[PDB]
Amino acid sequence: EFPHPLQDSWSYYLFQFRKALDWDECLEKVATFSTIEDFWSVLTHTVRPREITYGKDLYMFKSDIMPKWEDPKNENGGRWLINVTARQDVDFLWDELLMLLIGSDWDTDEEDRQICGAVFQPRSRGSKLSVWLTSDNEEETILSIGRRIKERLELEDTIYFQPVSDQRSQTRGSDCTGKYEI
């Protein structure tokens, strides 16, 4: 039962808001894993997406990449944004998404290179899953990644690619477009 090594080492974080903490101070690293076995153990020992309280978020990023815009690997990037519908199981969405990422089940090496991490954000008004990518202008690769996400997550609604600049300038509470859409 020698462990199965992953293409990358990943770190798993919880975002928990408390009063008078800066945004990044609300993040805490709860695991770093590098094997299939340890990947599944993290999920078995942390809260399921369907059980999480609103506004408490899950971040899974390649270990060398901090889960914030300020990281060199994120600052010129963007995210595929997925708006969860009432009929969808967020446990399925999150598990399929993370399997796609940690298993590196992309057609090409180049797509894997774009990947920074994934984010689950439970919200009252509609939950969101995101995949953060290192660039905002590798159109062809960004689009094949978006297409693969939709396939694996069995998504029907349009997904949106939003560069970090647009994320920064987004107002909390505004009701959704992207540089790319599919």
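For every residue, the number given is its place in the sequence shown, counted from 1.
- The stretch with the higher mean CA B factor, choosing between 39 to 47 and 126 to 134, is 39 to 47.
- Of the two segments, 94 to 102 and 107 to 115, the one listed with the higher mean B-factor is 107 to 115 (C-alpha atoms only).
- Among the modelled residues of its chain, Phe33 has a C-alpha B-factor that falls in the middle third, as given in the PDB entry.
- When all modelled residues of the chain are sorted by CA temperature factor, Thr158 is found within the middle third.
- Remark: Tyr59 belongs to the lowest third of its chain, ranked by C-alpha B-factor as recorded.
- When the modelled residues of the chain are ordered by C-alpha B-factor, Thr53 sits in the highest third.
- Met66: CA B factor lies in the highest third for its chain, per the PDB record.
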